[PDB]
Amino acid sequence: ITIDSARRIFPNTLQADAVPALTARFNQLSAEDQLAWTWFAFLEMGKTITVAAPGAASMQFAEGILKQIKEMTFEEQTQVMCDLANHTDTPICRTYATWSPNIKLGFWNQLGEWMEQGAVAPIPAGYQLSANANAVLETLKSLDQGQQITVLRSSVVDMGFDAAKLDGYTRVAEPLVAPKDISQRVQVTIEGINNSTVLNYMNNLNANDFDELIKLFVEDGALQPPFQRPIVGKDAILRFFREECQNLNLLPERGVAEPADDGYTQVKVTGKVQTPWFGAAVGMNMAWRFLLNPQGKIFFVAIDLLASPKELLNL
Ligand SMILES: CC1=C(/C=C/C(C)=C/C=C/C(C)=C/C=C/C=C(C)/C=C/C=C(C)/C=C/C2=C(C)C(=O)CCC2(C)C)C(C)(C)CCC1=O
């Protein structure tokens, strides 16, 4: 048993790889097309769902850069936005790179508001997307909403300076919320599954109880978010929880458990997940794939975004 082999459990699980597919196509576009594209994608999104107001604690980390941009001319603002899209080496792009996804999202949500308000340079009124950009946008509109918001988030996260090239830095993230009181936790129920570790995983995460959640993992275990590489080691996993996994609502529905190598157990769970950005307005179709050692500790868990609601019944 290795992490590489663990990634392969439950191979008939059909992930929504249309997301990385579309991201690849989007990445072929010019910075100018990218900004215009996302503006139109953002407006399209607004036809059905509204972004929740970012937390004040989150925005205080973006406030400095936002203030600087707001005081710029339209031409200067557009250049900064192009710099972010191009991953150009600039002070703003380097600052951006140290931010967690939620801070990056709150930052762009504010710029979007200011674009609507006339405070930040808008997309040119009669701007024409390239043929390829148009086609990418058409494909976006054809995907379910869970896949749509995942594409937009991924693109936001990938802007700015290459974080890897910053070497060591203080990571900027939202402050920790106190875990929910036990009496206030709404425990999950999973049809076909009684596994204590899986239930503890779901309930602790829903409670923002990361200190108890991390105890479920083995030292050298790993967690794999949708479409990215596994995050290895309890230290990295806990940091991921604290920085990116606050105020989620996991609503698992069904699951199955099977024997695995070396006395391990593998467990597949399907259900829905809500992000605090949209709440109940977007229930993403998810699968969890656990690999548990004989002591019931988590060696590996993959979290998949599924290709369609039909996959929820694929056990
Ligand atoms: C950029 C841009 C703009 C702005 C655009 C804007 C403002 C875009 C913003 C878009 C927003 C707010 C997107 C939010 C996405 C959140 C998702 C997909 C969360 C998923 C979480 C999941 C599945 C959780 C999963 C989890 C579970 C279940 C676990 O079990 C373990 C934890 C884990 C995390 C893995 C403008 C409009 C100004 C145009 C110019 C321009 O470029």
# chains A, B, ... in the order shown; residues from 1 in each chain; ligands from 1
>>> residues_around(residues="residue 201 of chain A", least_positions_apart="2", cutoff="10 Å", atoms="only C-alpha atoms", output="list in words")
residues 196, 197, 198, 199, 203, 204, 205, 206, 207, 209, 210, 212, 213, 214, 215, 216, 217 and 298 of chain A
>>> residues_around(residues="residue 188 of chain A", least_positions_apart="4", cutoff="9 Å", atoms="only C-alpha atoms", output="list in words")
residues 199, 202, 203, 250, 251, 252 and 253 of chain A
>>> residues_around(residues="segment 231-246 of chain A", least_positions_apart="2", cutoff="10 Å", atoms="only C-alpha atoms", output="JSON list (two decimals) with C-alpha atoms, in the first residue's frame")
[["chain", "number", "residue", "atom", "x", "y", "z"],
["A", 3, "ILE", "CA", -0.39, 6.75, -1.63],
["A", 99, "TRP", "CA", -3.31, 34.49, -0.05],
["A", 100, "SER", "CA", -5.64, 31.56, 0.61],
["A", 101, "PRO", "CA", -8.31, 30.80, -2.00],
["A", 102, "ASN", "CA", -11.07, 32.49, 0.02],
["A", 103, "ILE", "CA", -9.06, 35.69, 0.36],
["A", 171, "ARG", "CA", 0.69, 32.19, 4.53],
["A", 172, "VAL", "CA", -2.27, 34.56, 4.67],
["A", 173, "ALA", "CA", -5.62, 33.01, 5.59],
["A", 174, "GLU", "CA", -8.90, 33.64, 7.40],
["A", 175, "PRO", "CA", -8.74, 33.43, 11.19],
["A", 176, "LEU", "CA", -9.96, 30.23, 12.84],
["A", 177, "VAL", "CA", -13.58, 29.94, 13.90],
["A", 179, "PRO", "CA", -15.59, 24.63, 16.66],
["A", 205, "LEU", "CA", -15.42, 18.69, 9.51],
["A", 206, "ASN", "CA", -19.01, 20.01, 9.63],
["A", 207, "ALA", "CA", -18.22, 21.25, 13.14],
["A", 208, "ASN", "CA", -14.97, 22.98, 12.09],
["A", 209, "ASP", "CA", -13.34, 20.81, 14.75],
["A", 210, "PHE", "CA", -10.01, 20.43, 12.94],
["A", 211, "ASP", "CA", -8.04, 19.40, 16.03],
["A", 213, "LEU", "CA", -10.50, 15.77, 12.65],
["A", 214, "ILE", "CA", -6.73, 15.53, 12.22],
["A", 215, "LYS", "CA", -6.51, 12.89, 14.98],
["A", 216, "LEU", "CA", -8.31, 10.53, 12.59],
["A", 217, "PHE", "CA", -5.31, 10.47, 10.22],
["A", 218, "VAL", "CA", -2.07, 8.50, 10.40],
["A", 219, "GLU", "CA", 1.15, 10.55, 10.48],
["A", 220, "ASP", "CA", 2.10, 9.98, 6.85],
["A", 221, "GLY", "CA", -1.46, 9.82, 5.55],
["A", 222, "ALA", "CA", -2.81, 11.99, 2.75],
["A", 223, "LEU", "CA", -5.88, 13.94, 1.66],
["A", 224, "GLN", "CA", -6.62, 14.55, -2.02],
["A", 225, "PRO", "CA", -8.93, 17.43, -2.97],
["A", 228, "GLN", "CA", -5.18, 18.17, -7.29],
["A", 229, "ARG", "CA", -2.28, 16.17, -5.91],
["A", 248, "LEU", "CA", -18.46, 23.59, 4.73],
["A", 249, "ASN", "CA", -21.68, 21.60, 4.86],
["A", 275, "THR", "CA", -19.61, 25.83, 0.17],
["A", 276, "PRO", "CA", -20.23, 28.90, 2.35],
["A", 299, "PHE", "CA", -4.20, 6.58, 5.48],
["A", 300, "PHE", "CA", -5.82, 8.20, 2.45],
["A", 301, "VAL", "CA", -8.98, 10.04, 1.51]]
>>> residues_near_ligand(ligand="ligand 1", cutoff="6 Å", atoms="only C-alpha atoms and all ligand atoms", output="list in words")
residues 35, 38, 39, 42, 51, 105, 108, 109, 111, 112, 149, 150, 152, 153, 156, 225, 245, 250, 273, 275, 277 and 303 of chain A
>>> residues_around(residues="residue 286 of chain A", least_positions_apart="2", cutoff="6 Å", atoms="only C-alpha atoms", output="PyMOL selection string")
chain A and resi 270-272+304-306
>>> write_last_selection(atoms="N, CA and C atoms", output="short mmCIF file (atom, residue, chain, number, x, y, z; two decimals), in the first residue's frame")
data_model
loop_
_atom_site.label_atom_id
_atom_site.label_comp_id
_atom_site.auth_asym_id
_atom_site.auth_seq_id
_atom_site.Cartn_x
_atom_site.Cartn_y
_atom_site.Cartn_z
N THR A 270 -20.95 8.65 -1.22
CA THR A 270 -21.42 9.68 -2.14
C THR A 270 -22.46 10.57 -1.47
N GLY A 271 -22.54 11.81 -1.94
CA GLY A 271 -23.48 12.76 -1.38
C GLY A 271 -23.27 14.13 -1.96
N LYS A 272 -23.67 15.14 -1.20
CA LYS A 272 -23.55 16.52 -1.63
C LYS A 272 -22.73 17.33 -0.64
N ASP A 304 -13.79 13.62 -4.49
CA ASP A 304 -14.04 13.78 -5.92
C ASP A 304 -15.24 14.67 -6.19
N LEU A 305 -15.11 15.52 -7.21
CA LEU A 305 -16.28 16.13 -7.82
C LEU A 305 -16.76 15.21 -8.93
N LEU A 306 -17.99 14.72 -8.81
CA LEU A 306 -18.52 13.72 -9.73
C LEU A 306 -19.09 14.33 -11.01
#
>>> closest_residue(among="A:307, A:267, A:287, A:313", to="residue 14 of chain A", atoms="only C-alpha atoms")
A:307
>>> select_by_dssp(residues="segment 86-267 of chain A", states="strand (DSSP E)", output="list in words")
residues 217, 218, 219, 220, 221, 222, 223, 224, 231, 232, 249, 250, 251, 252, 253, 254, 255, 256, 257, 258, 259, 265, 266 and 267 of chain A
>>> closest_residue(among="A:29, A:93, A:125, A:145", to="residue 46 of chain A", atoms="only C-alpha atoms")
A:145
>>> select_by_dssp(residues="segment 123-241 of chain A", states="helix (DSSP H, G or I)", output="PyMOL selection string")
chain A and resi 131-142+145-158+163-166+182-184+196-206+210-216+234-241
>>> atom_distance(atom1="atom CA of residue 309 of chain A", atom2="atom CA of residue 16 of chain A")
10.8 Å
>>> residues_around(residues="residue 63 of chain A", least_positions_apart="5", cutoff="12 Å", atoms="only C-alpha atoms", output="PyMOL selection string")
chain A and resi 56-58+68-70+95-96+103-104+106-108+110-111
